[PDB]
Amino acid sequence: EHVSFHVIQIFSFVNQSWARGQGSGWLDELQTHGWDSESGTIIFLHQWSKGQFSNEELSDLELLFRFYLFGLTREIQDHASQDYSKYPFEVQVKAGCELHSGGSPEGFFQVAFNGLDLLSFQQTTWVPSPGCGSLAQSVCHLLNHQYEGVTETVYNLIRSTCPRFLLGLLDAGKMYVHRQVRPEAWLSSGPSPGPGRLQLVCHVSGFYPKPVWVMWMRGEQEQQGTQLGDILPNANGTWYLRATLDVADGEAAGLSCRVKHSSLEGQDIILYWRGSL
């Protein structure tokens, strides 16, 4: 229904003479690209991370990114005068595009300053965030007047180059991005909820994609006290979820944890509590 490709940058200005530049590329929540600051080159994290692009196209992009990172850093360091009151400060960029199953792609380029929205790119125009006053206004004047060809480069990249790349990247990675991975589950005790009370914990780990259902059970009866935590990341593209239950002293025998997930289909995981209680 909706898939995104994001190129992000983080520019950390420590003082007038020292800054850091970092960046990466993401297919939804999956990191597909890194950036090597030592050598100024793209890091292709998967065998399919080139999508349908040729090496010449990617080399063009690499030179564009190296030049952008260096030149943005130096123009900010110039315009940031002596200050040292503003330092340290941090600039974040989130640019990219979205493919939608029924509609046209979306493209975007958003900038934050010290964690707050600063400005964004709207088709032809750099637009200050209403919430970041003077500074946003000032920067946008310059971006709209002085850097006017960089602007058509940006528009072409986010509106044309990015959705083309994303389509080819989804196609090259199709037998990874549509994978199904089955979780495992295990039970443990948890911290005491109170005197004469126990906490049972059902850990579910290694599933992909993220939608999942977990309930504590007594036979076929779902248990009221079931409480799910957040869906947390594992390395190598799977997820983790904890489901707890508080139970009265003398009542835990016969309880089980039941897991439903797309990768199982009609073979729910059912794990019985066998003690520690």
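Throughout, we count residues from 1 along the sequence that is shown.
Between the stretches 67-75 and 87-95, it is 67-75 that shows the larger average CA temperature factor.
The mean C-alpha temperature factor is higher for 173-181 when 201-209 and 173-181 are set side by side. Comparing the C-alpha B-factors of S120, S188, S81, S192 in the entry, the top value falls on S81. As recorded in the PDB entry, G40 shows the highest C-alpha B-factor of the residues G229, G237, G51, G40. The deposited CA B-factor of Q267 belongs to the highest third of values across its chain. When all modelled residues of the chain are sorted by CA temperature factor, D246 is found within the lowest third. Sort the chain's modelled residues by C-alpha temperature factor and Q110 lands in the lowest third, per the entry.
Per the deposited record, the Cα B-factor of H6 falls in the lowest third when ranked against the other modelled residues of its chain.
Annotation for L157: C-alpha temperature factor in the middle third relative to the rest of the modelled chain, per the entry.
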